[PDB]
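What follows is a short report on a single structure.
A short reminder: the numbers here are calculations on the coordinates, not readings from a lab. Reconstructed Cβ throughout: ideal geometry from the backbone, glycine too, with neighbour counts over all protein chains shown.
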Amino acid sequence: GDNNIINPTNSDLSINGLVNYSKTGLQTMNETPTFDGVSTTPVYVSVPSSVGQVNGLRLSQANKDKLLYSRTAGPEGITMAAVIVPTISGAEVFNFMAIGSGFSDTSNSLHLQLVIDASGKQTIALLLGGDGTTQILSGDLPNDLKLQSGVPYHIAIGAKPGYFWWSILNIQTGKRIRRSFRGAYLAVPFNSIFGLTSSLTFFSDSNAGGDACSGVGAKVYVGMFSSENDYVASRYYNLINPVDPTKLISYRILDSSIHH
Amino acid sequence: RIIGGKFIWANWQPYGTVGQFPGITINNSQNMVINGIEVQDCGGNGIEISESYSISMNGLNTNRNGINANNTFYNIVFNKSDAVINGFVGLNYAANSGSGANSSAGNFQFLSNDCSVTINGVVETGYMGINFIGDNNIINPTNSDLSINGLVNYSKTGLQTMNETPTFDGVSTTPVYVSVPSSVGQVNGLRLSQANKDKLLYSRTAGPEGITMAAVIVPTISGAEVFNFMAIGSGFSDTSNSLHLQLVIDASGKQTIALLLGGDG
Ligand SMILES: [Cl-]
């Protein structure tokens, strides 16, 4: 899109009237998620020093580690973001984050996925189920845009009726990839994803069987809906911080703790 | 780039076109910078922005459109579009003069909820209101990605704030609650009666910077009555230092909205 490499700055910058999270003392809500896994004890492992913390949450397919929020998506929409340091090897589906669960005409669900095939080809896929139908919006990444094993990425989505965007930002090089879907790209608006019935999950979805992720998670943010405009504007302050302190609903660093 | 523009008397009814057409159509467009324009006196909507990206407007005056049907059309209509509008003004000269001439129902209308829009400026001008109306006389809220006047939308915020506790007071001091219409978005509200004198007292006093007070009120209107919707202080006299906002109903059913001020001698 327009901003393909983002270099953040410690200048005296104000962009889009957004409060820079690093410069704020405002008090906000901070909802608490529940850890879930096959074993329900969280495990923490180290992250690269670019993540700005010692450890993050260990993500594996075997234990299905994830963070469940009870909050459901509403018609104004939601933003969800996290640092994920993916371990990438063979065929795999990573569910980076989800609203609800399942995938059918009535699932009322969203999944953002990275799918690696057996040959190493990578696809980014957004799965929408609801309003009587389903849609897969996916694309195969060219070789030079592929995610790299052990590199941290800031991964974000904005999702509301009729309006879905996703972004994947390498925090070491500033290089970003993204897509946005409105209008004729969507088969329906997917209103029923946002009927206050489908809850938010990081690193899997809200069903016990769902695919999860492999690697490490950190700096989980839930906010009310931000445009990609405002998401990108906020990246000029810092590549991994919360998007919009005035819309922040949860933010958990996950440095060996689910608290704050 | 359009720098300096005036677009007036569009959709001119004598020329006999069938249907509504806005003063300005921006359709399927992008990266436009439109500064210092006026749209006024048009027969339908003022500006319709449709299927457009990145429309930038810096200094924009839209007012007194919708002249073919009173209280029906809007100054700017957004449909699947993004825009950034700064230095917006739109004093509705007909509403200000009290002529009763047909004019726009209000400034903005969103036909879709997938628009990303920021609007800053003088959205309601603040003239007296000789016929009790102004620039925005019908307001339709939107779930789109809107930011207006830099205001945080309460539906979208987690910010923590003060929240002062008022004291209920009444002839009996136990509050009673009764059903509200579902458009109020709750099951019950506070039962207001003249018999019990139900009221909420805040100890906060008004200061020179001033105050904003607001509430949903569902009035039961019948015989002659004075409703005190809200007040500052009490009494009414040269030294009461008080404000009251009242609906006054007479025996015949006439309604008066009165603001009483006492103070400064
Ligand atoms: Cl903990």
Exercise for the section: Please indicate, with yes or no, whether at least one residue in segment A:216-234 is within 16 Å of the ligand (Cβ to nearest atom) and of a type in the set (K, R). Expected result: yes
Exercise for the section: List every residue pair whose Cβ atoms lie under 8 Å apart, where the two residues are 6 or more positions apart in sequence or sit on different chains, the first residue falls within segment A:115-128 and is farther than 27 Å from A:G158 by Cβ, and the second residue, located anywhere, is β-branched (V, I, T). Expected result: A:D117/A:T123
Handout entry: From A:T201, A:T246, residue being away from the ligand (no atom under 16 Å from the Cβ), surrounded by fewer than 24 Cβ atoms within 10 Å (Cβ to Cβ) and among the β-branched types (V, I, T)
Key = A:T246
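Given the residues A:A73, A:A98, which is the only one that is within 14 Å of chain B (Cβ to nearest Cβ), away from the ligand (no atom under 16 Å from the Cβ) and over 25 Å from A:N238 (Cβ atoms)?
Result: A:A73 is the single residue among A:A73, A:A98 that is within 14 Å of chain B (Cβ to nearest Cβ), away from the ligand (no atom under 16 Å from the Cβ) and over 25 Å from A:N238 (Cβ atoms).
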Problem - In segment B:119-132, residue surrounded by the most Cβ atoms within 10 Å (Cβ to Cβ) [restricted to those that are touching a helix residue (DSSP H, G or I) at 6+ places or on another chain (Cβ under 9 Å) and under 19 Å from B:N61 (Cβ atoms)] - result: B:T125
Exercise for the section: Scan (1) away from the ligand (no atom under 16 Å from the Cβ); (2) within 14 Å of another protein chain (Cβ to nearest Cβ) for the single condition A:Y251 breaks and write down its number. Expected result: (1)
Handout entry: Qualifying residue in segment A:174-193 (condition: buried (at least 17 other Cβ atoms within 10 Å of the Cβ), closer than 22 Å to A:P152 by Cβ, within 16 Å of the ligand (Cβ to nearest atom) and of a type outside the set (G, A, S))
Key = no
Exercise for the section: Go through segment A:99-118 and count every residue that is part of a strand (DSSP E or B) and small (G, A, S). Expected result: 1
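Conditions tested, residue by residue: (1) of a type in the set (S, T, Y); (2) away from every other protein chain (no Cβ under 14 Å).
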{"position": "A:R178", "(1), (2)": "no, yes"}
{"position": "A:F190", "(1), (2)": "no, no"}
{"position": "A:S199", "(1), (2)": "yes, yes"}
{"position": "A:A208", "(1), (2)": "no, yes"}
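Give me the residue from segment B:153-204 that is in a loop (DSSP other than H, G, I, E, B) and touching a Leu at 6+ places or on another chain (Cβ under 7 Å) and, out of that set, farthest from the other protein chains (Cβ to nearest Cβ).
Of the residues in segment B:153-204, the ones in a loop (DSSP other than H, G, I, E, B) are B:153, B:157-158, B:160-166, B:170-176, B:180-181, B:185-187, B:191-198, B:202-204.
Add one more test, that the residue is touching a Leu at 6+ places or on another chain (Cβ under 7 Å), and what stays is B:158, B:166, B:175, B:198.
On the way: B:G158: 4, B:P166: 23, B:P175: 28, B:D198: 32 Å.
Within segment B:153-204, the match that is farthest from the other protein chains (Cβ to nearest Cβ) is B:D198.
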Completion exercise
Those residues of segment A:214-231 which are within 25 Å of A:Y163 (Cα to Cα) and not aliphatic (A, V, I, L, M) amount to A:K219, A:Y221, A:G223, A:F225, A:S226, A:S227, A:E228, A:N229, A:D230, A:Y231
Exercise for the section: Report whether or not A:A212 is more than 27 Å from A:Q27 (Cβ to Cβ), small (G, A, S) and away from chain B (no Cβ under 12 Å). Expected result: yes
Fill in the blank from the handout: Given the conditions (1) more than 14 Å from the chain's Cα centre (by Cα); (2) within 14 Å of chain B (Cβ to nearest Cβ); (3) away from the ligand (no atom under 14 Å from the Cβ); (4) surrounded by fewer than 24 Cβ atoms within 10 Å (Cβ to Cβ), every one holds for A:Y237 apart from (2)
Exercise for the section: Report yes if A:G209 is out of contact with any strand residue (DSSP E or B) (no Cβ under 8 Å at 6 or more places or on another chain) and away from the ligand (no atom under 16 Å from the Cβ), otherwise no. Expected result: yes
Exercise for the section: Would you please list the contacts, defined by Cβ atoms under 7 Å and residues six or more apart or on different chains, that run from a residue in segment A:31-43 that is within 14 Å of chain B (Cβ to nearest Cβ) to a residue that is outside any loop (DSSP other than H, G, I, E, B) and away from the ligand (no atom under 12 Å from the Cβ)? Expected result: A:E31/A:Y69; A:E31/A:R71; A:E31/A:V222; A:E31/A:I249; A:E31/A:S250
Handout entry: Close pairs from segment B:68-92: first under 23 Å from A:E228 (Cβ atoms), partner part of a loop (DSSP other than H, G, I, E, B) and aromatic (F, W, Y), Cβ under 8 Å, at least 6 apart
Key = B:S81/B:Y53; B:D82/B:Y53
Exercise for the section: Determine if segment A:35-50 includes at least one residue that is of a type in the set (D, E, K, R) and within 28 Å of A:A212 (Cβ to Cβ). Expected result: yes
Practice task
Name the one entry in A:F202, A:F225, A:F194, A:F190 that is farther than 30 Å from B:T161 by Cβ, touching a residue at least 60 places away in the same chain (Cβ under 8 Å) and among the aromatic types (F, W, Y).
Solution key: A:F190
Exercise for the section: Return the pairs, sorted by first residue and then second, in which the second residue is aromatic (F, W, Y) and surrounded by 16 or more Cβ atoms within 10 Å (Cβ to Cβ), the first residue lies in segment B:108-130 and is under 19 Å from B:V152 (Cα atoms) and away from every other protein chain (no Cβ under 14 Å), the beta carbons are less than 6 Å apart, and the residues are 6+ apart or on different chains. Expected result: B:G121/B:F88
